[PDB]
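Participant: just to be clear, this is only the beginning of the complex, oriented as in the whole thing:
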Amino acid sequence: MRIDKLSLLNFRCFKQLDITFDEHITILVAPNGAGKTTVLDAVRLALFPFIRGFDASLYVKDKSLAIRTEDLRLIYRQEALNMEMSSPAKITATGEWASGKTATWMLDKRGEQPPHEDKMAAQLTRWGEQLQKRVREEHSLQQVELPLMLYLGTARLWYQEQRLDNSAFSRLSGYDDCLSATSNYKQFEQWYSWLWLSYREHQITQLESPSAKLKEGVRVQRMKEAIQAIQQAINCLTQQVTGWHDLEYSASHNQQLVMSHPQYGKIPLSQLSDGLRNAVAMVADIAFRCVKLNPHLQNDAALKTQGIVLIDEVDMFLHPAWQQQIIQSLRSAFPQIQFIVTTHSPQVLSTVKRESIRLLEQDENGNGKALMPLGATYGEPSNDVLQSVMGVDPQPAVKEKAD
Amino acid sequence: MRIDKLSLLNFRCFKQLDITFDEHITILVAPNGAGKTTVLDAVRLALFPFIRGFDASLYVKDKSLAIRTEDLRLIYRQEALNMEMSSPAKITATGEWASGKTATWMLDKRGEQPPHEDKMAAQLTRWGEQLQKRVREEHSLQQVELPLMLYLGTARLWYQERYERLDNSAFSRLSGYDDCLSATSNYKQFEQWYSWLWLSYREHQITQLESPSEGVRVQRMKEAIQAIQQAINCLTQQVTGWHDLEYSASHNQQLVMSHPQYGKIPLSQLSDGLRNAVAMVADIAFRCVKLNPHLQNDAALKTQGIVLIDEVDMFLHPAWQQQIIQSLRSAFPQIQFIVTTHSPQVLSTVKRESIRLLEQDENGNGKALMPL
């Protein structure tokens, strides 16, 4: 899918808001308040009707992907004892799906009544069901490429029957917990370790009985090509800056995943710096979902998949020299995916053009605005974008500054 | 939101009944088993649609707020020693909703099918929804006035050892319709709200004493407390001497009252009559204050609506019974009261145009007539 515009009425901290998104990358910036998380949560709420069109979502019954009563706006008046609600709360999303079907759907809630969806939201659910039914077919010969929907929150580090080849399952399992706020690192490492050990054992039984190479040669090829695809994506981000590359599984290291550096050798990933582990988590989260969704590519599943990814605090635990490389690395690893990210770093903001930047501001009554920066930011020194866009002086207000 | 006339057909003990109500006070007088609770149940069933037009009604668990199969009249065939169920049960109400808006609505049930309402009954829900919509509007010029709606049955009583932070919905005007027609006790709701009032007021006092450096919120809180306290005084002070209900931290964070000869004592340690009368009056008063903030000091004296009281004279001694009706008329001069009793002392100095004596026939045809 793709989202081109969003409109909010009486949502958490916005009386009214209209925001448009860039096709490839758009960065949200907010000097103060909680506007960015509000926008991300609204977008993540607007995408749930599609995921509800898959019975795999039966595994998720979270009471957080629908509008709640506490999401409505409360107005406190200093001179009144009573405090009322603002009703209704509306989320209106304009976008494109089917690669040619433009649409505009809406969700709303009235006070304490259950939330109500309009017709086009049900149509989005139905379009989600069409893909499910067309994928479950066995006689089908035409191939189907599913879209990707992922959410990466700020709590993606706290909480820290496998099947790869095509099937009814193993393709709808790429939508499991795809919009949750918890960490999803265990279900990646288990899958990766199972894949590695099963691939090695398949090769073992292959050279043990070469006569049975009728179909045990293509299977090994697929299990190898998936690993290649994942490793290339991870390297694209880690290698050129830190030197570590080729995430691998080594039974020797107490059944634990490890990486390798040209000079420091092989070390477990669980004992590297915070930034590298965070980056690996993000890129793996995207990549293994991409591969599990489109096995029929098996070498470019990370280079031709389409969808939307939401990232809060993209450059967390990264030093400035790494903050000038994250965005382009994400673009290069996933060239046909929409990214919506939040950031604070002036280093990041100097690596994108002013058309990919939204600055959020709120009025005294709650009216919101999402504007573009007047000045230029592409290829500029950090101190220039620090004061032109964020309004922060580069020379600290030390005692001697007054003179 | 006056109600003027009521009609019943095949309801519990009445084959048919017609009753007319007085604008301010009407008293139903009859012995046990004559149908005094039946009339009040019919009235609250007729009034519930308006409340159904609100969000506070989503938490109503009272199963007696809808017509039930047990409400259909049963006839005893003595020859065959049999009971036969007559159908349908019907409740018709006539009245006025707002200024210059007269209406007639109807409720019905047949056999064991779910109950049914007519066309004009849904417009009552629509009016409730429109009022709720108007209250929730930012930057409005016109004021909205809300009518009071309350049912005080025998479930209100405070017996021995009953011992019956605020949610964000408890700060709304419409929280005045929370369990307003249910068969329940509503004392703890009031106690929490009143304690919050007193603690905020004391906070403002402490700040304006310590470091003078806002001034309208204190006035609002003070006026609210004054309204509620005067309402309770109107009933308790003259007969018993206990006047001023307050929140006290010295007494282990409790509600207390004062006496001139006796000192300051918690409300839970006072007698049955005191506790029940105070709960009864407070139940009306704090809702009056919450529903219409803009009056600010005449909230109890100027609010309109309907209050139903079953057995208004429970736990009150004969000298107290001779004052209850006038005290209620003095505290709330603009409310329509419908009350039931069987005690003659409650009627000592009441006009004959406010009394309805209830009677039936051998076939169950009822009458509700003024005394001669």
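Facilitator: Perfect, thanks for sending it. Residues are numbered from 1 along each chain as shown, chains lettered A, B, ... in the order given.
Participant: and the longest helix anywhere in chain A, what's buried?
Facilitator: Secondary structure of chain A per DSSP state H: the longest helix is helix A:218-242. Buried residues in helix A:218-242, defined by neighbour count with 16 or more other Cβ atoms under 10 Å in any protein chain shown: A:219, A:222-223, A:225-227, A:229-230, A:232-239, A:241-242. Where C-beta positions appear, they are placed from N, C-alpha and C, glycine not excepted.
Participant: what is whichever helix or strand comes after it packed up against?
Facilitator: Moving toward the C-terminus from helix A:218-242, the next helix or strand (DSSP states H and E) is strand A:245-250. Applying 3 or more Cβ pairs under 8 Å, 6 or more residues apart in numbering or on different chains; DSSP states H and E, one finds that strand A:245-250 makes contact with helix A:186-208, helix A:218-242, strand A:256-261.
Participant: report the secondary structure state of residue A:288.
Facilitator: Assigned state for residue A:288: helix (three-state reduction, DSSP: H, G, I helix; E, B strand; the rest coil).
Participant: related to what we said a few turns ago, give me the angle between the longest helix of chain A and strand A:245-250.
Facilitator: 130 degrees (axes from the mean of the first three to the mean of the last three Cα atoms, to 10 degrees).
Participant: what does helix A:218-242 rub up against?
Facilitator: For helix A:218-242, contacts defined as Cβ atoms under 8 Å, 6 or more residues apart in numbering or on different chains pick out A:164-165, A:192, A:195-196, A:198-199, A:202-203, A:206, A:244-247, A:259, A:261, A:276, A:279-280, A:283-284, A:286-288, A:291, A:295, A:298-302, A:321-322, A:325-326, A:329-330, A:332-334.
Participant: redo that, cut-off 6 Å
Facilitator: A:199, A:202-203, A:244-247, A:276, A:279, A:283, A:287, A:291, A:298-299, A:301-302, A:322, A:325, A:329, A:332-333 (Cβ atoms under 6 Å, 6 or more residues apart in numbering or on different chains).
Participant: can I get the buried part of the residues you listed as one PyMOL selection?
Facilitator: A single PyMOL command selects the buried members of these (16+ other Cβ under 10 Å):
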select buried, chain A and resi 199+244+245+246+247+276+279+283+287+291+298+301+302+322+325+329+333
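Participant: quick revisit: next, format the helices and strands packed on strand A:245-250 as CSV and append distance to residue A:6.
Facilitator: Shown next, in CSV, are the helices and strands packed on strand A:245-250 (distance: least, Cβ to Cβ, whole Å):
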stretch, distance to residue A:6
helix A:186-208, 30
helix A:218-242, 28
strand A:256-261, 38
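Participant: okay, now chain C:
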Amino acid sequence: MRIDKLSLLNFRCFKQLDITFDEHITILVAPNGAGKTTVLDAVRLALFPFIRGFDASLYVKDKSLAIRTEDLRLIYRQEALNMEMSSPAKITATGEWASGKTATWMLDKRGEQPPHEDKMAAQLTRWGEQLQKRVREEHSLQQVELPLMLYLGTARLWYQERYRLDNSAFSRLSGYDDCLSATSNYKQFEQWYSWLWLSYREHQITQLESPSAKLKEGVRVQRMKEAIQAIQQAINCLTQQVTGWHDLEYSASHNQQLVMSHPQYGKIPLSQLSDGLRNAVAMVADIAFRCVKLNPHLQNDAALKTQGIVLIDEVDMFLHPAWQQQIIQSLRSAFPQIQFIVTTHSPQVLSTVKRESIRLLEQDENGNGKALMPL
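Facilitator: Next up, chain C placed on what we already have:
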């Protein structure tokens, strides 16, 4: 287990009070705030040790069954606008426990220390324990008679929409289950009475189908029948004459409910009847089924011959003035051997009672109380 005299010192509103009780019925008459509930609470506290001498008392959760710091009288000093607490609070009771056994016992509390009792209270507990031991004996020749002990406060009321057997519920001593607590005891009676009726109907069905085993099985049927009719007559002594309703019974046709009948009206469940009828029926049944359970060997004079003390607060709730003129005599007729102590403020309840049964409660400006017979 008669009680004859009561004394109070520094107890709630009374600085000191002496009151004497009549052998059968005593009525306390006064307005609100005069101390009618205080006297009954003091009697509860004086009687609770005997019940403490039983196992059923192990499940008592009522915190008002012991003297509390809130029961100590407070004096208001108007000059200083102060409240000062008097100490100690004291309760003295005189009476007779068994035939030819007169006693005087005392309860005390000072300040905020735990309450304390004297020796005779412990002897009362010991008597209770010995009675329990005698009841739990196999192959005994002597009979044991148990006294009734019950408190019916305002917590008994049956308001709108207010409303398998354990092996201990089949004991005689289960007649002392929550007998002095501030609670409602309707469900106990309902469950046990339903069990009675179902067993009786089982026996009827069996004797209709296979008339071959009514020998030493018919005696049990006789006992059940006699118990049912005792309870039914006790309830009839109060409702039939004024209201016309009678013969409470279990009905499976009416969705397995307790039901009453009327000559002009039909047969209707008890939960659909009026307030006065429901409350009067609950009040009388509460005494009747305990009378039946405590003394199985009387078999149909259980209510007519049992002895004990019953305390009733506001005996005339929900009853109209023509019903109030009959309550006292109805209670005396149903239970001729029980000592009743009741409170009221309604004159109609005193229409035809002797003046030697009335105690008017008065106080002076300093808190010294009197409970005097009317002139």
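Participant: same as before for the contacts of helix A:218-242, with chain C this time.
Facilitator: By Cβ under 6 Å, 6+ apart, the list of residues contacting helix A:218-242 reads A:199, A:202-203, A:244-247, A:276, A:279, A:283, A:287, A:291, A:298-299, A:301-302, A:322, A:325, A:329, A:332-333.
Participant: switch the cut-off to 7 Å
Facilitator: Helix A:218-242 has contacts (Cβ atoms under 7 Å, 6 or more residues apart in numbering or on different chains) with A:164-165, A:195, A:199, A:202-203, A:206, A:244-247, A:276, A:279-280, A:283-284, A:287-288, A:291, A:298-299, A:301-302, A:322, A:325, A:329, A:332-333.
Participant: how about stretch A:301-308?
Facilitator: Under Cβ under 7 Å, 6+ apart, the answer for stretch A:301-308 is A:1, A:3, A:47, A:147-149, A:229, A:233, A:287, A:290-291, A:293-294, A:297, A:333-338.
Participant: send the alpha carbons of it over as CSV?
Facilitator: Included here for stretch A:301-308 are C-alpha records, laid out as CSV according to Å, rounded to 0.1, in the frame of the first residue of the first chain:
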residue,chain,number,x,y,z
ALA,A,301,12.7,-10.2,-1.8
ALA,A,302,14.4,-7.4,0.0
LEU,A,303,14.9,-5.4,-3.2
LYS,A,304,11.4,-5.5,-4.8
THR,A,305,9.0,-5.7,-1.8
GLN,A,306,6.6,-2.8,-1.2
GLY,A,307,4.9,-1.5,1.9
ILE,A,308,5.2,1.0,4.7
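Participant: end-to-end on stretch A:202-214?
Facilitator: Its start and end residues considered, stretch A:202-214 measures 13 Å (Cα to Cα, to the nearest Å).
Participant: would you mark the buried spots in it?
Facilitator: Buried, per 16+ other Cβ under 10 Å, within stretch A:202-214: nothing.
Participant: please apply the same query to stretch A:58-74.
Facilitator: A:60, A:65, A:67, A:71, A:72, A:73.
Participant: quick one: distance of the longest helix of chain A to the chain centre.
Facilitator: Centroid separation for helix A:218-242 versus its chain: 19 Å, with Cα atoms, centre = their mean, to the nearest Å.
Participant: excluding its backbone neighbours, what's nearest the closest residue to chain C within the stretch 251-400 of chain A?
Facilitator: Distance from chain C to each residue of the stretch 251-400 of chain A (Cβ to the nearest Cβ) is smallest for residue A:366, at 44.9 Å. The shortest distance from residue A:366 to any non-neighbouring residue, by Cβ to Cβ, 6 or more residues apart in numbering or on different chains, is to residue A:15 (3.3 Å).
Participant: extend the structure above with chain D:
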Amino acid sequence: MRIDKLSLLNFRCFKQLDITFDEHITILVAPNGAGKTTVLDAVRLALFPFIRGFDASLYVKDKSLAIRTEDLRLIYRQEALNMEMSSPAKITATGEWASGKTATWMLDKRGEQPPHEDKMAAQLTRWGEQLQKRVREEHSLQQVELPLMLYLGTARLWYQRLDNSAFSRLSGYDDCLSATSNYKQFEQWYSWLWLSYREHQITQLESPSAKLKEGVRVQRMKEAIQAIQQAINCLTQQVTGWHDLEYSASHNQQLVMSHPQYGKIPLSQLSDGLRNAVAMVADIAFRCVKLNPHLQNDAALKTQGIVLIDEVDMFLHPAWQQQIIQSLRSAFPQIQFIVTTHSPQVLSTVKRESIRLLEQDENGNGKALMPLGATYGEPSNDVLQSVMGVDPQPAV
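Facilitator: Just below you will find chain D, in place on the chains above:
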């Protein structure tokens, strides 16, 4: 469903075995480690496919309901001192699925290759499908009779409607091949049944004029109680004087039995062994009643099927071991019982044709033969010595 012959080869401990069963009752007799649970598990696997398509048993997928790699026989050489994993595992079953409809099916497994059944077993599966669809109808003059499949193992001893619907009818196949029968569940559901029946009896006492109000769900209850009482009477009424197990509110809210001289006695004062036997018989009768409503009280006396019992004499006094087999025969005269035992008091009351002595040579050439002596009416010592070759004199 009836079986007439079973053949095995390369199964757990049998290199090859051929056993022919009896029409009504057959008892497998052998000492420990002689292939009795083996034969019962083989028969249990053989009859599974008929259950796989009943819309309630197509949910349960137990590893014990299909052949496993551990069932493949292992040979010992004694020279290399290693265990040879033989293959393949084979089961071939011969029986009848309906009136005069002979059949023969087979199942196999090789190494780690998942076992693959023949299409002749899918014939049985679709036969079960046809039966379930035929019963699902609500209008037909013909009456559909279902068979009872039941397996009670050595783990049998631990852990609300009789409508003629397609749900209650198919409740008879609930865990039928992994069934358990203890006393607590039995008393629970029997008490519920009796309470529901007494409600209607008392209602008819109070208001005789309303006889016709009910009677669809009531006759079901009455006749089910009659059938269960019949079966339990067949169990207990001869050895002791008890009969007519019943629920009594008067007698302490308990299940009781009646004795012409001793009166009523509660069921909870009996030994824990006889209580479980009563529970077993009652559970079989209740399943029979639920399966075939259209008999309503002879459902137990006219249902057909196969019941497998391992250690039929478990936790039974030597007095009760002499009447269990005849009681089971008298309570269900149209069922095929296959039971395992090693007691000599169990075999002292049956005829030789039912007895099956199991043997196995040094390789696995299993035999299942008949005794050369006699057992019916014989004393315990003669049965011991002749059948089991165990001297009645202890070697002190």
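Participant: now that chain D has been added, could you go back to the contacts of helix A:218-242?
Facilitator: A:164-165, A:195, A:199, A:202-203, A:206, A:244-247, A:276, A:279-280, A:283-284, A:287-288, A:291, A:298-299, A:301-302, A:322, A:325, A:329, A:332-333.
Participant: for chain D, what's its nearest residue on chain A.
Facilitator: residue A:205 (10.8 Å).
Participant: could you find the closest non-adjacent residue to that residue?
Facilitator: Going by Cβ to Cβ, 6+ apart, residue A:205 has residue A:216 as its nearest residue, at 7.3 Å.
Participant: does the one you found touch residue A:206 like I think?
Facilitator: Yes: judged on Cβ atoms under 7 Å, residue A:216 makes contact with residue A:206 at a distance of 5.3 Å.
Participant: residue of the stretch 251-400 of chain A closest to chain B, please.
Facilitator: Nearest to chain B in the stretch 251-400 of chain A, going by Cβ to the nearest Cβ, is residue A:365, at a distance of 8.4 Å.
Participant: mind listing what that residue touches?
Facilitator: So, once contact is read as Cβ under 7 Å, 6+ apart, residue A:365 ends up touching residue A:15.
Participant: and residue A:86, what does it touch?
Facilitator: A:10, A:72, A:73, A:75, B:136, B:138.
Participant: list the contacts of residue A:17.
Facilitator: A:7, A:8, A:368, A:370.
Participant: the closest residue to residue A:104 other than its chain neighbours: how many residues sit nearby?
Facilitator: Of all residues not flanking residue A:104 in the chain, residue A:94 sits nearest, at 4.6 Å (Cβ to Cβ, 6+ apart). The local packing of residue A:94 (other Cβ atoms under 10 Å in any protein chain shown) involves 17 other residues.
Participant: isn't residue A:353 right up against residue A:376?
Facilitator: No: the pair residue A:353 / residue A:376 is not scored as a contact, 8.3 Å apart, by Cβ under 7 Å.
Participant: right, and residue A:95 touches residue A:2 too?
Facilitator: Yes: assessed by Cβ under 7 Å, residue A:95 is found in contact with residue A:2 at 5.5 Å.
Participant: higher neighbour count, the two?
Facilitator: Ranked by neighbour count (other Cβ under 10 Å), residue A:95 and residue A:2 place residue A:95 first, with 21 against 15.
Participant: in the sheet, who's paired with the more buried one?
Facilitator: Beta-bridge partners for residue A:95, by DSSP bridges, are residue A:3, residue A:103.
Participant: ok, now which ones touch it?
Facilitator: Applying Cβ under 7 Å, 6+ apart, the residues contacting residue A:95 are A:1, A:2, A:3, A:4, A:103.
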